[PDB]
Amino acid sequence: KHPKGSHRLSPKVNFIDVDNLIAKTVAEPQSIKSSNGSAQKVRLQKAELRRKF
Amino acid sequence: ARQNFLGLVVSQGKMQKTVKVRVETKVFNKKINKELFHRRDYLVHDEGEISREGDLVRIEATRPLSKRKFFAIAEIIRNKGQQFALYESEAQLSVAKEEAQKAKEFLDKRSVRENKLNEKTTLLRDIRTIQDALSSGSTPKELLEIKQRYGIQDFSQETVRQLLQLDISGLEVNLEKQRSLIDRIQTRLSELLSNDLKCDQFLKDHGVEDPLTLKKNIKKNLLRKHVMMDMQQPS
RNA sequence: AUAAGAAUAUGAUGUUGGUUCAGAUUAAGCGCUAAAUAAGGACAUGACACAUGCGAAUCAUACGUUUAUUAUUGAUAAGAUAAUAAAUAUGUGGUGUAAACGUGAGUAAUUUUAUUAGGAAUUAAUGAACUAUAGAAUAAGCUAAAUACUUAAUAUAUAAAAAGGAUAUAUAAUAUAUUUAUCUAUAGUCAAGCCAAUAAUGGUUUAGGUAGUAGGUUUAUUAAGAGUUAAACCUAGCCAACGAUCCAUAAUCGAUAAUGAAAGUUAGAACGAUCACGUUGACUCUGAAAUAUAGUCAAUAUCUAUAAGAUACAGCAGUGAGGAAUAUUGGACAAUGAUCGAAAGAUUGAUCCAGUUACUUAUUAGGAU
RNA sequence: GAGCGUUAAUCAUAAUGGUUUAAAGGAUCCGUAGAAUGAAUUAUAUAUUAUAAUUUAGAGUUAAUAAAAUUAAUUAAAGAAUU
RNA sequence: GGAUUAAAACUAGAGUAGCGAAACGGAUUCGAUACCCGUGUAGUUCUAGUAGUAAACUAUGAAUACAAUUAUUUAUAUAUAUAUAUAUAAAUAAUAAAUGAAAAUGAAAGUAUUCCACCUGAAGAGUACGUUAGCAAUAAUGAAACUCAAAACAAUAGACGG
RNA sequence: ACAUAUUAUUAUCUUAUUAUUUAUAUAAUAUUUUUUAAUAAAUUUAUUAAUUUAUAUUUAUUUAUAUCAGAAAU
Ligand SMILES: [K+]
Ligand SMILES: [K+]
Ligand SMILES: [K+]
Ligand SMILES: [K+]
Ligand SMILES: [K+]
Ligand SMILES: [K+]
Ligand SMILES: [K+]
Ligand SMILES: [K+]
Ligand SMILES: [K+]
Ligand SMILES: [K+]
Ligand SMILES: [K+]
Ligand SMILES: [Mg+2]
Ligand SMILES: [Mg+2]
Ligand SMILES: [Mg+2]
Ligand SMILES: [Mg+2]
Ligand SMILES: [Mg+2]
Ligand SMILES: [Mg+2]
Ligand SMILES: [Mg+2]
Ligand SMILES: [Mg+2]
Ligand SMILES: [Mg+2]
Ligand SMILES: [Mg+2]
Ligand SMILES: [Mg+2]
Ligand SMILES: [Mg+2]
Ligand SMILES: [Mg+2]
Ligand SMILES: [Mg+2]
Ligand SMILES: [Mg+2]
Ligand SMILES: [Mg+2]
Ligand SMILES: [Mg+2]
Ligand SMILES: [Mg+2]
Ligand SMILES: [Mg+2]
Ligand SMILES: [Mg+2]
Ligand SMILES: [Mg+2]
Ligand SMILES: [Mg+2]
Ligand SMILES: [Mg+2]
Ligand SMILES: [Mg+2]
Ligand SMILES: [Mg+2]
Ligand SMILES: [Mg+2]
Ligand SMILES: [Mg+2]
Ligand SMILES: [Mg+2]
Ligand SMILES: [Mg+2]
Ligand SMILES: [Mg+2]
Ligand SMILES: [Mg+2]
Ligand SMILES: [Mg+2]
Ligand SMILES: [Mg+2]
Ligand SMILES: [Mg+2]
Ligand SMILES: [Mg+2]
Ligand SMILES: [Mg+2]
Ligand SMILES: [Mg+2]
Ligand SMILES: [Mg+2]
Ligand SMILES: [Mg+2]
Ligand SMILES: [Mg+2]
Ligand SMILES: [Mg+2]
Ligand SMILES: [Mg+2]
Ligand SMILES: [Mg+2]
Ligand SMILES: [Mg+2]
Ligand SMILES: [Mg+2]
Ligand SMILES: [Mg+2]
Ligand SMILES: [Mg+2]
Ligand SMILES: [Mg+2]
């Protein structure tokens, strides 16, 4: 018998799916939004570079 | 993984669900340039209270269970401690029975000796009446009684000789038979080994298959097993 | 891998045995002496007391407030409205000070340090503040007004939110567009809480210690285990001559410094890591995290404004004291960072430089005849 | 040598030691712990250790035979001499 | 940790011839709180205890493996042409080797292994203080400061010796 | 001996503050609630001030426990 209130087995290792990690962390813009603004364009370029990196 | 240790249970039954386990680990002592064993006693959780003092157990790290308890019993490698408890209980019953039987065999022996001390008749005198009545023809009722004191219904010269037999006599004949067997076994094997042809035949006669193709030790044992199967089984 | 001994006993000899010396070094002081330059350091003592000036501000594009001009209105000029250009940070607001810097008092470890390819309770509806993506941003009240605060609406058992400002254009205050903010959700990044194993000075002329003490059960509390805290009920344990308990002393450590052939020993100034503290003690608030250099009360000292007041230089410089002994009441935000701001920019005794001082190192300090 | 000396300190400079007679064998033995040490063969294992089986050279038990009359405790006696 | 532990000493009850601290006398002597003599108390003896100290010494902890000889005893065994002879151990004595400062050790003080106790200049000091134990005397445990460059052992040649 | 200073402890005494926990109010505020005046608007309704009613949030006093600190003893 293992101690009462304790887990008999060790917690399961968490394996990372790189495809899912990329999908949740750096997901692509869902629509091709209209970045006519000067600041929107700069932000779009920065977001693209960060996602590529 | 969780840190596991091996240790000997050194205390049990003093705390509820807790045992003390002695863990020895190997360390190097730089000062004396020697690899030493370092000992420490661990308070260990025993959920099922199965472990007993003397058992060899493996303890596994767990969550904090108390101020000083951080390990639990994970497996009983050897259960010598549990065996001790079982053998002690059985011993009390086993010894009581034997002592009772021996006490009854002592009182019986005492009674027999006391009964014999109540019979003034003595072996010498009784054997002097069975040898005078058998040489004179008189048959006083004492003889009939003597035929009951000893069970010797018939009074002949070959009945007093069987009343006075000593165990030593039997031992002397058993010893001669024992000596004969050993001497015969040795002479038989000694002769067999001296003659390889008679040896090969000997093995085949007793049921060996191609004894010729055998080693000295692999075949001398067969000869010894056979010589001791031809002088101890037939007798 | 790199390992040297010498002097001193004795009448003399051999040996035992201590003492001293030969080497290197410093967080050094002192005596005598002293040229320039470059670089590295500088209160080890009283966590003693501190005159004076500085070390934390910033935003006017959150809300108010104040001018000037022009136009319209006001049949006489007090005011109003809009545009433009300025002012206001002694009004309400936002962000910033849990960092950095300084110090080493406490701390010998239920707490601190170091280490491990350690662990679970199998750690919160925590983002602190940037990144990627998606969505939202509603109604009243209170204040003079608001991106202040309060109460509601709607948003992943479901719970739990918000905020506008600036600038254009079109409309009749509204709508878009640009720009900068606000809230929520998911992941990442950074960053947290807890536990185990091992090691960490001296004294037993401190030998017995412990009574929540050791273990079990249950509830409260917490994101979370556990006599961690509080409450209840049981068992009689737990530590200890391989040194318990107690007492004294001390911040710890390194790929740092010193020394040695090396194992080691020493230091813990300087460089870096960690801990603790900001006159003393306790407590509370906010928050993911604080017994916070905050607040509250008390203690000690000082001060002026005499208030249920302010201050506490272990921030920089500096002064007195102590001591054998350790420096400028310097310059600059040019560089590297940090905070505020949409930006323009503002601030910065962090920092960068210089000054003082042979404290250390290095170079130079005239060659041929 | 722009230092030199001196004081205060640190490291190194002999345990690749000793205890009859020079510092140092505990009065003696028994025996607990020892994180002290300790036989043989073979087979496994994760290996100078563990486990299992097996063995008799250390250490013991019981007899047989021979030998010895001591050492403890207790009780009962003797002897020379002395006053 | 435990047990045992000379002599002296101590606590009780006996005993007390001889011996004999002390004490009191006699001598000796410059003096004689001594050596010698006398009277001689405790003690020396026994029983029941306390205490755990000695130059308690072989000044040498215990155990195991091993190494060259002789002599002399002792024990066991063997043999005979019966009283010796031949073997294997123990003890003791003198040694080889080895060790050691040497004196010497000699089956250890040699070659090795295992465990325990103990030592780190002299003096201060086995003292002070504390603690523990004891009826007590005491026993165990056990420092530091100050001072010094000493202190000690074996051996050598002398000098000296009532 | 002892006179001092420092620290620690407590079956003791006093205790700031705080946390938790009691009891109380003709306590305050908001809402609800029962009525009652005054006022106002319109021609019943609203507002204000009271009373009743519960509810939540506070406030004052109070009970108990713990607590900086000081006193006393050791
Ligand atoms: K528990
Ligand atoms: K010397
Ligand atoms: K702004
Ligand atoms: K400072
Ligand atoms: K410190
Ligand atoms: K906007
Ligand atoms: K200690
Ligand atoms: K700057
Ligand atoms: K010696
Ligand atoms: K006498
Ligand atoms: K010994
Ligand atoms: Mg020197
Ligand atoms: Mg110098
Ligand atoms: Mg400089
Ligand atoms: Mg200082
Ligand atoms: Mg404005
Ligand atoms: Mg303001
Ligand atoms: Mg800080
Ligand atoms: Mg803050
Ligand atoms: Mg600095
Ligand atoms: Mg809105
Ligand atoms: Mg509003
Ligand atoms: Mg707000
Ligand atoms: Mg003392
Ligand atoms: Mg506790
Ligand atoms: Mg619990
Ligand atoms: Mg309790
Ligand atoms: Mg300190
Ligand atoms: Mg160190
Ligand atoms: Mg240190
Ligand atoms: Mg410094
Ligand atoms: Mg603090
Ligand atoms: Mg403080
Ligand atoms: Mg404060
Ligand atoms: Mg200060
Ligand atoms: Mg300063
Ligand atoms: Mg001075
Ligand atoms: Mg200096
Ligand atoms: Mg000056
Ligand atoms: Mg400045
Ligand atoms: Mg130089
Ligand atoms: Mg050395
Ligand atoms: Mg020795
Ligand atoms: Mg001895
Ligand atoms: Mg001795
Ligand atoms: Mg034997
Ligand atoms: Mg004697
Ligand atoms: Mg007597
Ligand atoms: Mg006299
Ligand atoms: Mg006289
Ligand atoms: Mg006399
Ligand atoms: Mg005795
Ligand atoms: Mg003595
Ligand atoms: Mg002695
Ligand atoms: Mg003797
Ligand atoms: Mg023995
Ligand atoms: Mg003594
Ligand atoms: Mg001598
Ligand atoms: Mg207190």
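Data block above holds the structure.
Residues numbered from 1 in each chain as written, not as in the entry; some residues may be left out. Chains lettered and ligands numbered in written order. Part of a larger assembly, values for the part shown. Heavy atoms only, no water.

**Q** Is there a simple way to think about the overall build of chain B in this case?
**A** Looking only at helices and strands, chain B has 8 helices and 5 strands in total. Scanning chain B from its N terminus toward the C terminus, one meets helices and strands in the order β-β-β-β-β-α-α-α-α-α-α-α-α. Taking 18 Å as the expected radius of gyration for a compact globule of 235 residues, we find that chain B reaches 37 Å, considerably beyond that expectation. Considering only contacts in chain B between residues 6 or more positions apart, those separated by 24 or more positions represent 49%. (Helix = DSSP H or I, 4+ residues; strand = E, 2+ residues; numbered from the N terminus. Rg over C-alpha atoms; globule rule 2.2 N^0.38 Å. Contact = heavy atoms within 4.5 Å.)

**Q** What's the story with the protein's contact with RNA strand C in this structure? I'm lost.
**A** Around RNA strand C sit 45 residues, and of these A:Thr25, B:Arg40, B:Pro64, B:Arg68 and B:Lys69 come closest. Each atom of RNA strand C within 4 Å of the protein was assigned to sugar, phosphate or base; sugar and phosphate come to 88%. Contact distances for RNA strand C include 2.9 Å between a phosphate oxygen and a side-chain N or O atom of A:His7. The contact in question runs from a phosphate oxygen of RNA strand C to an N or O atom on the side chain of A:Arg43, over 3.0 Å. Within the residue set of the surface near RNA strand C, elements represented by two or more residues are α1 (18-25) and α2 (38-52) of chain A together with β1 (4-15), β2 (18-29) and β3 (34-45) of chain B. Broken down by element, the residue count for the surface near RNA strand C peaks at 7 residues, all from α2(A). (Near = heavy atom within 4 Å. Polar contact = N/O pair within 3.5 Å; in protein donor to acceptor, adjacent residues only side chain to side chain.)

**Q** What is the right way to look at the packing of helix α6 (residues 167-194) of chain B against helix α7 (residues 196-205) of chain B in this model?
**A** For any two helices packed against each other, the geometry comes down to the angle between their axes and how far apart the axes lie. All names here are of chain B. Packing of α6 against α7 leaves a shortest axis separation of 5 Å and a crossing angle of 115°. The residues of α7 that touch α6, namely those facing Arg188, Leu192, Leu193 and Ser194, are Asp196, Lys198, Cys199 and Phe202. A per-class count over the contact of α6 with α7 returns 4 nonpolar, 1 polar and 3 charged. (Axes fitted to C-alpha atoms, helices over the stretch in contact; angles between N-to-C directions. Nonpolar A, V, L, I, M, F, W, Y, C, P; charged D, E, K, R; others polar.)

**Q** Before we go on, may I ask you to explain the packing of α7(B) against helix α8 (residues 216-227) of chain B in this structure?
**A** Residues and elements named next belong to chain B. Across the interface, α7 lies against α8 with an axial gap of 11 Å and an inter-helix angle of 60°. One way to sum up the angle between α7 and α8 is to call them oblique. For the pair α7 and α8, the crossing hand works out as left-handed. Between α7, through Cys199, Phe202 and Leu203, and α8, the contact on the second element is made entirely by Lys219, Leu222, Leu223, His226 and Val227. (Parallel < 35°, antiparallel > 145°, perpendicular 65-115°, else oblique. Left-handed = near helix turned anticlockwise from the far one by under 90°.)

**Q** In this structure, what is going on with the pairing of β2(B)? I would like to understand it.
**A** Consecutive side chains along a regular strand alternate between the two faces of the sheet. Residue and element names in this part refer to chain B. As paired elements, β1 and β2 share 5 bridges and run antiparallel to each other. Bridge pairing links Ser11 to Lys20 in β2. Here β1 hands over to β2 after 2 residues, with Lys17 in that stretch at a positive phi of 70°. Here 12 bridges tie β2 to β3, and the two strands are oriented antiparallel to one another. Counted as the bridge partner of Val27 is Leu36 from β3. In this antiparallel pair of consecutive strands, β2 and β3, the connection spans 4 residues, and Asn33 shows a positive phi of 50°. (Pairing = 2+ DSSP bridges.)

**Q** Is there a simple way to think about the interface of chain A and chain B in this case?
**A** Accessible area lost during the coming together of the parts is what is often quoted as the interface size. Taken together, the contact between chain A and chain B spans 10 residues of the former and 9 residues of the latter. Summed over both sides, the interface of chain A with chain B buries roughly 660 Å², with 46% coming from carbon and sulfur. Taken as a group, A:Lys1, A:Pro3 and A:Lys4 account for 62% of the area that chain A buries against chain B, more than any other trio of residues on that side. At the boundary of chain A with chain B, the tally comes to 0 salt bridges. Linking chain A with chain B are 7 residue pairs in polar contact, by the criterion used here. Considering only residue class, the side of chain A that touches chain B consists of 2 nonpolar, 5 polar and 3 charged. (Buried area = accessible area lost by both parts, 1.4 Å probe. Salt bridge = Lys/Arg side-chain N within 4 Å of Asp/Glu carboxyl O.)

**Q** Which parts of the structure should I look at to understand the side chain of B:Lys69?
**A** Residue and element names in this part refer to chain B. Within the secondary structure layout, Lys69 lies in the loop between β4 (56-61) and β5 (71-78). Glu47 is the oppositely charged side chain nearest to the buried, salt-bridge-free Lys69, at an N-O distance of 7.8 Å. Excluding residues that lie within four positions of it along the chain, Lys69 makes contacts with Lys17, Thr18, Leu43, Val44, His45, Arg63 and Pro64. (Buried < 20%, exposed > 50% of the residue type's maximum accessible area, 1.4 Å probe, protein only. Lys, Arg positive; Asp, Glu negative; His and termini not counted.)

**Q** For this particular structure, what's the right way to read the sheet that holds β5(B)?
**A** Residues and elements named next belong to chain B. The mixed closed barrel is built from 5 strands, whose spatial order is β1-β2-β3-β5-β4. Between one strand and the next, the sheet's axes are offset by a mean angle of 45°, whatever the strand orientation. Bridging between β4 and β5 involves 6 bridges; their strand directions are antiparallel. Counted as the bridge partner of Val57 is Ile76 from β5.

**Q** Looking at this structure, I do not really get the packing of aromatic side chains. What am I missing?
**A** The description of two aromatic rings rests on the distance between their centres and on the angle between their planes. All names here are of chain B. Considering all chains together, one arrives at 3 aromatic pairs over all chains under this definition. Measuring from ring centre to ring centre gives 5.3 Å for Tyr42 and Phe71, while their planes differ by 90°; the resulting arrangement is edge-to-face. Residue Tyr42 is located in strand β3, and its partner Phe71 is located in strand β5; the two are separated by 29 residues in the primary sequence. Judged by relative accessible area, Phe71 falls into the buried class, the value being 9%. Here a set of aromatic residues connected by ring pairs shows up, and it is made of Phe5, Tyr42 and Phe71. If you follow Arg40 out to its NZ or CZ, it ends over the ring of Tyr42, 4.2 Å from the centre. (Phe/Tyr/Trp six-rings, centres within 6.5 Å; stacked < 30°, edge-to-face > 60°. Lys NZ or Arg CZ within 6 Å of the ring centre and 35° of its normal.)

Interpretation in functional terms is not warranted from these geometric data alone.
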